[PDB]
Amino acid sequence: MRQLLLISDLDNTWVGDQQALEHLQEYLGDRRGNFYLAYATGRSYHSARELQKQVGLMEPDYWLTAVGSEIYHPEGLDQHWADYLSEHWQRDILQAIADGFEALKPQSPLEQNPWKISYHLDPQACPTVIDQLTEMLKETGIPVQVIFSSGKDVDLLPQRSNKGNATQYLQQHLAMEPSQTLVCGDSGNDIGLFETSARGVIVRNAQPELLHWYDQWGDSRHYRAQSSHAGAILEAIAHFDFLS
């Protein structure tokens, strides 16, 4: 029932340029009831909440955490989403495979959750190993996704759990149309958002994976901002003429 569904990544997108963050929130703050805000981050809910205390993120309506593997309404975790991602998902098998790669190192236990298996790719390792990993995991019957961002972070998620599917779920939950949605990303863990038919903005300081993705799949609904960080969101909002 609001005119805009704003979905944005936190690190390097919304957060990063403190001044931009501040004038972005000052702008949105004056029409807060005109849009639903969702932070689609790769951080765990607890980690997202910490960042908010640190930089002062404005309170969102929903939290799409851990790359969309955990959605949080004010009331709490969306148990429907959790049960939806749980189907046909065998975390243990996938992890056994991933652990097998010498180039992959497990990320802290706190970066892990029932539907997210994260690793760090060795800086000296050849990235093509991630394609090797992807097909190896994909060839198990298990519906998996491999998210590779910033050249090091690797995330194994259910095939129906990236930020893009979380967003689509949210659009249906809110009865918000794709033309009313704006997704803001900066890295490879944001590609899912841009695979959505929602208007999107790629921040200037975007990661190579995303810039590369934009070169091959970038459509007219996708906008490459000149501004970096939160400034890109204002730029996009003005661009797609949202919140007229």
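The first residue of the sequence shown is number 1, and the count goes up from there. What we label the rigid core is the largest C-alpha set whose atoms superpose within 1.5 Å from one form to the other.
Greater C-alpha displacement in 8 other deposited structures of this protein (rigid core superposition, RMS over structures and residues), of 130-138 versus 169-177: 130-138.
Remark: when the other structures in 8 other deposited structures of this protein are fitted onto this one via the rigid core, 90-98 deviates more than the alternative among 90-98 and 74-82, judged by RMS CA distance. Looking at 215-223 and 40-48 together, the entry lists the larger mean B-factor for 215-223, computed on C-alpha atoms. Looking at 156-164 and 127-135 together, the entry lists the larger mean B-factor for 127-135, computed on C-alpha atoms. The entry assigns its greatest Cα B factor, within the set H88, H120, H80, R91, to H88.
Between the residues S179, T65, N189, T196, it is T196 that shows the highest Cα B-factor in the PDB record.
When the modelled residues of the chain are ordered by their C-alpha B factor, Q19 lands in the highest third. Sort the chain's modelled residues by C-alpha temperature factor and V201 lands in the middle third, per the entry. Per the PDB record, residue ranking by Cα B-factor puts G151 in the lowest third of the chain.
For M1, the recorded CA B-factor ranks within the highest third of the chain. Only modelled residues enter the ranking.
In the deposited entry, the Cα temperature factor of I71 sits in the bottom third of values across the chain's modelled residues.
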